[PDB]
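Just the one chain here, laid out as structure tokens, in the form deposited without the partner chain.
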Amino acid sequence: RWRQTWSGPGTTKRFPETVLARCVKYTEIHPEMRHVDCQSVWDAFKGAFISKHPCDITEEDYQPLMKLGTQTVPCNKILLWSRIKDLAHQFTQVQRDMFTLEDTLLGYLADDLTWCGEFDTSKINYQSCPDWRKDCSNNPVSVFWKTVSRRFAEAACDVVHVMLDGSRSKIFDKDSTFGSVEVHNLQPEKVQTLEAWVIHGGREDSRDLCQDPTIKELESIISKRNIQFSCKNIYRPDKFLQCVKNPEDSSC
């Protein structure tokens, strides 16, 4: 009773109700997805992990959810991001013609949430869920993001943009979900260019972070997929967001 099963956070409280409400809200904000039956979405979501050992989840478990959440977003208007979620989302809230994963129904449902079941019972584990590193990688949360990120990267076309956190030790971390799943799923038949926006932090604007070794590593991988690579520095993300909000400002 004093022992917890896993190292990671348990299921977010009221996960069932939260997923259902987010579905209702999404279908309300976005009419093109209004055909979705939100109860059915939850059912299939639930079906992916309930009663399953939380170290034995597969992409196949999530397929019925993937089917119900079928959504075509303009393939040429996609924004990827690695480890800089906030600004990317803040960007798409203003620049409403562009989409991150979390601006899709499926991403929107799962964003910031944790969930897992218990092997061979109907219960949701509200106490602890597997940590990707300490416990096992094939857990309900990690496998969900892997599945959706693959499809999202596979649907991408034309010019794909990626926002990266220039203030990190590894600006392109080839171990991230961007690096390990998204990048290698950018199809050169569809995707002409990958353009990176490297977001600087604070008054650190003296360097061209597009010259960072990890960015050259990204350039190399992208080029070996027969995809053009472009990189821009964003020295002032504070002013960047403002210019996105009010493009009429003479300062940008």
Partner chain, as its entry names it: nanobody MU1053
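Between two forms, the rigid core is the largest collection of C-alphas that superpose within 1.5 Å. Residue numbers count along the first chain shown, from 1. Residues that one form lacks are left out of the comparison.
Quick note: we don't show the form deposited with the partner chain bound, though the next part is all about it.
- With the partner omitted here, the residue from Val159, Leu87, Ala110, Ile124 that has a non-hydrogen atom within 4.5 angstroms of the partner chain in the deposited bound form is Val159.
- Within 4.5 Å of some heavy atom of the partner chain in the deposited bound form lies at least one heavy atom of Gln95.
- Interface residue remark: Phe15 is not counted as part of the site for the partner chain in the deposited bound form, having no heavy atom within 4.5 Å.
- At a distance threshold of 4.5 angstroms between non-hydrogen atoms, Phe91 is in contact with the partner chain in the deposited bound form.
- Not displayed here, the partner chain is approached by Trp197 to within 4.5 Å at the level of heavy atoms in the deposited bound form.
- The residue among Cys243, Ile234, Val19, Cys231 whose Cα moves by 2 angstroms or more between the shown form and the other one, once the core is superposed, is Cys243.
- In sequence order, 238 to 252 is the sole run of at least 3 residues present in both forms whose Cα atoms shift by 2 Å or more between the shown form and the other one once the core is superposed.
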